[PDB]
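Trainee: Sequence, then structure. It's an experimental one.
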Amino acid sequence: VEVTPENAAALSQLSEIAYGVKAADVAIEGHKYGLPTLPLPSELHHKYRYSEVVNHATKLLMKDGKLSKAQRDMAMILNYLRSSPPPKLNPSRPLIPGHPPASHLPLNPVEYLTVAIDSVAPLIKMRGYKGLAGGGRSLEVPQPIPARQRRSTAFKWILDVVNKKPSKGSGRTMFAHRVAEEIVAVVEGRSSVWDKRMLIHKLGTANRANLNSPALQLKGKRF
Amino acid sequence: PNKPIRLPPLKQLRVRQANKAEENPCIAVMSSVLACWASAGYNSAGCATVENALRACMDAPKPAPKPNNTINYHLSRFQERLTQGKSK
Amino acid sequence: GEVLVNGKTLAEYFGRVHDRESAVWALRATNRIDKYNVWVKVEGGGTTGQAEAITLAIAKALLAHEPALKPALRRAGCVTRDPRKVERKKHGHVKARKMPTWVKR
Amino acid sequence: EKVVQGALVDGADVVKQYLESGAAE
RNA sequence: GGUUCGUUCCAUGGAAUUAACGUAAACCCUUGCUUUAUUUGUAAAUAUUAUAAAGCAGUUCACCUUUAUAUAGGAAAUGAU
Ligand SMILES: [K+]
Ligand SMILES: [K+]
Ligand SMILES: [Mg+2]
Ligand SMILES: [Mg+2]
Ligand SMILES: [Mg+2]
Ligand SMILES: [Mg+2]
């Protein structure tokens, strides 16, 4: 079954219009090689070409408007995660539900990063009301936070643990590999950020009753 | 039992909050999440569902506000006719 | 699909792959990199400034050949002209908006 | 020629099948 | 009493009708487009960068919602532009 032009597109199911062999009529249809199907995938917008988490985490590495450097660092992080052995999940630190098995993370470094950030990200934030808990003390009350605020707090914890670690080697991969190693320690449950996540969750459970405190509902109603 | 009194002359007859200031529909969901952590623990698996519901809150858009209630306009029309007068 | 920028190739000119993809994003979004040859001539600005300038240039030139692609270039973000510009320096300010240290006492 | 011979490489499907074929332990 | 970025606009008051200033408008730079001009700027050119005179342009249209039926508002990378 030797293929030839007169039967290539017919037997291969490829569109001759897409290849320009038999273009359309521009004077009638307006196009020459077919119209892209709408709506377009989000990744085709030049301002949203990168993943939401990757693009968000990259600009957190940026300093002094050096986005090109932070973009190469994120490329080194995803390259390190792609060459590291599959992680060993810890039952004590259950990752976000619905995540893929550990065997799939290495070849999918973007999900490796996403699963890590979305797993240690807290679910609540502690806001304080000035002078409503007693003798000048504040009334701390938990509140939920959107995704961008959850990922931002998580990845900033990771960078805080990274900057405090000592130097290991030389070259252009120092900071990149040092961050990637912390991303792996998070998925394996042996990282230090898990303590900061549980520490803020305790404050939420220890103050879940302040949502209806008498002070928060008697500001100026005791004339 | 007596009947409602006839209000005395007021400067203005109106309700403070015309539209019901409904509460954030997810502050109740968070309380459920905080309730599981107190009974089942933080890193437990039972609370794995409520957490997904909490994450579903902020990913959804905020419902738009309702049009203003015209109650105060009609209260101001019938003030003098419904009360003992209007204070100056 | 040959692209030249000021005589130099696309890789010999932009030393940042992010800028290369943005310069020919219109052709990429519509999947027509291999259908046209572009000969760009840019001037002024910087690396990213010129890259985004070529994005709009090729998009307009592309619509001259296939006018039925504007709905697609819309959702790709290659038809809009970004008017953002550096704000001038203002007297009494260290920069466009940065103010000097204010001493209360 | 490749589509007929089934030689057209697609990195997306290559990784998917490898992960679903239990070959990644 | 509503509404608006706004003493903005609408309605209304057993007292109001108007003026000035601020506000607003307009102006300068900037954005898209039209016409004019082509050296000392422009690779070429059937004129497209730049240069600079004048003019036009938006919350305009579409969609959705809309009180007292009087004055409107919302949606924001997947309506147009
Ligand atoms: K500057
Ligand atoms: K001009
Ligand atoms: Mg270097
Ligand atoms: Mg009046
Ligand atoms: Mg003014
Ligand atoms: Mg000359």
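Mentor: Okay, I see it. Numbers count the residues shown, from 1 in each chain, chains lettered A, B, ... in the order given. Ligands and ions are numbered 1, 2, ... in the order given.

Trainee: Show me where chain A has its strands.
Mentor: All strands of chain A, identified by DSSP state E, fall at A:124-129, A:139-144.

Trainee: So what angle separates the directions of the last one and strand A:124-129?
Mentor: Angle of strand A:139-144 versus strand A:124-129, following axes from the mean of the first three to the mean of the last three Cα atoms, to 10 degrees, is 150 degrees.

Trainee: Let me see the contact set for residue C:79.
Mentor: When contacts are counted by Cβ atoms under 8 Å, 6 or more residues apart in numbering or on different chains, residue C:79 touches C:56, C:59, C:70, C:73. Every C-beta, even on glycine, is put in place using the N, C-alpha and C of the backbone.

Trainee: Please report phi then psi for the third one.
Mentor: Backbone torsions for residue C:70, taken as degrees, to the nearest 10, come to phi -60, psi -40.

Trainee: Quick check: it touching residue C:64?
Mentor: No: look at residue C:70 against residue C:64 with Cβ atoms under 8 Å: they stay out of range, at 11.1 Å.

Trainee: Neighbour count: those two, which is higher?
Mentor: Here residue C:70 and residue C:64 are compared on neighbour count by other Cβ atoms under 10 Å in any protein chain shown; more neighbours surround residue C:70, at 14 against 7.

Trainee: okay, now the nearest residue to that one once chain neighbours are set aside: neighbour count?
Mentor: Using Cβ to Cβ, 6 or more residues apart in numbering or on different chains and skipping residues adjacent in sequence, the residue nearest residue C:70 is residue C:63, 5.7 Å away. Per other Cβ under 10 Å, the neighbour tally for residue C:63 reads 17.

Trainee: What of residue A:2?
Mentor: Applying the criterion other Cβ under 10 Å, we find 6 residues in the vicinity of residue A:2.

Trainee: and it, backbone torsions?
Mentor: phi -80, psi 130.

Trainee: Look up how far RNA strand E lies from it.
Mentor: From residue A:2 across to RNA strand E, the span is 42 Å (Cβ to the nearest atom of the strand, to the nearest Å).

Trainee: Write out the residues of chain A neighbouring chain B.
Mentor: Contact residues, chain A versus chain B (Cβ under 8 Å from any Cβ of the partner chain): A:92-94, A:97, A:123-124, A:142-147, A:198, A:201-202, A:204-205, A:208, A:211.

Trainee: Can I get the buried part of the residues you listed as one PyMOL selection?
Mentor: Selecting the buried subset of these in PyMOL, with 16 or more other Cβ atoms under 10 Å in any protein chain shown as the burial test, is done by:
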select buried, chain A and resi 93+94+123+124+142+144+145+201+204+205+208
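
Trainee: Spatially, and excluding backbone neighbours, which residue is closest to the residue nearest in space to the middle of chain A.
Mentor: When chain A is reduced to its mean C-alpha position, the nearest residue by Cα atoms, centre = their mean turns out to be residue A:53, at 2.7 Å. In space, residue A:53 comes closest to residue A:114 once its chain neighbours are excluded; the distance is 4.7 Å by Cβ to Cβ, 6+ apart.

Trainee: how near is the one you found to residue A:46?
Mentor: Summarising the geometry, the distance separating residue A:114 from residue A:46, computed by Cβ to Cβ, to the nearest Å, is 22 Å.

Trainee: tell me the contacts of residue C:56?
Mentor: Residues in contact with residue C:56 (Cβ under 8 Å, 6+ apart) are C:78-79, C:81.

Trainee: Of these, which is the nearest to residue B:1?
Mentor: Lowest distance from residue B:1 to these (Cβ to Cβ) belongs to residue C:79, with 73.0 Å.

Trainee: ok but the closest one is inside a helix, no?
Mentor: No: the secondary structure assignment for residue C:79 gives coil rather than a helix, going by DSSP: H, G, I helix; E, B strand; the rest coil.

Trainee: What parts of chain C come near chain A?
Mentor: C:16, C:18, C:21-22, C:25, C:28-32, C:35, C:55, C:65-69, C:71-72, C:75-78.

Trainee: at 7 Å instead, please
Mentor: Taking Cβ under 7 Å from any Cβ of the partner chain as the criterion, the neighbours of chain A within chain C are C:16, C:18, C:22, C:25, C:29-32, C:35, C:55, C:65-69, C:71-72, C:75-78.

Trainee: just the buried members of those residues?
Mentor: Neighbour-count burial (16+ other Cβ under 10 Å) applied to these gives C:18, C:22, C:25, C:29-30, C:32, C:35, C:55, C:66, C:69, C:72, C:75-78.

Trainee: ok, and of the residues of chain A next to chain B, which contact RNA strand E?
Mentor: Within the set of the residues of chain A next to chain B, contact with RNA strand E (Cβ under 7 Å from any atom of the strand) is found for no member.

Trainee: For chain C, what's its nearest residue on chain A.
Mentor: Residue nearest to chain C within chain A: residue A:30 (3.0 Å; Cβ to the nearest Cβ).

Trainee: neighbours around that residue, how many?
Mentor: The burial count assigned to residue A:30 is 15, neighbours taken as other Cβ under 10 Å.

Trainee: nearest residue to it other than its sequence neighbours?
Mentor: Excluding its sequence neighbours, the residue lying closest to residue A:30 (Cβ to Cβ, 6+ apart) is residue C:68, at 3.0 Å.

Trainee: One more: residue C:47?
Mentor: Using Cβ to Cβ, 6+ apart, the nearest residue to residue C:47 is residue C:19, at 5.7 Å.
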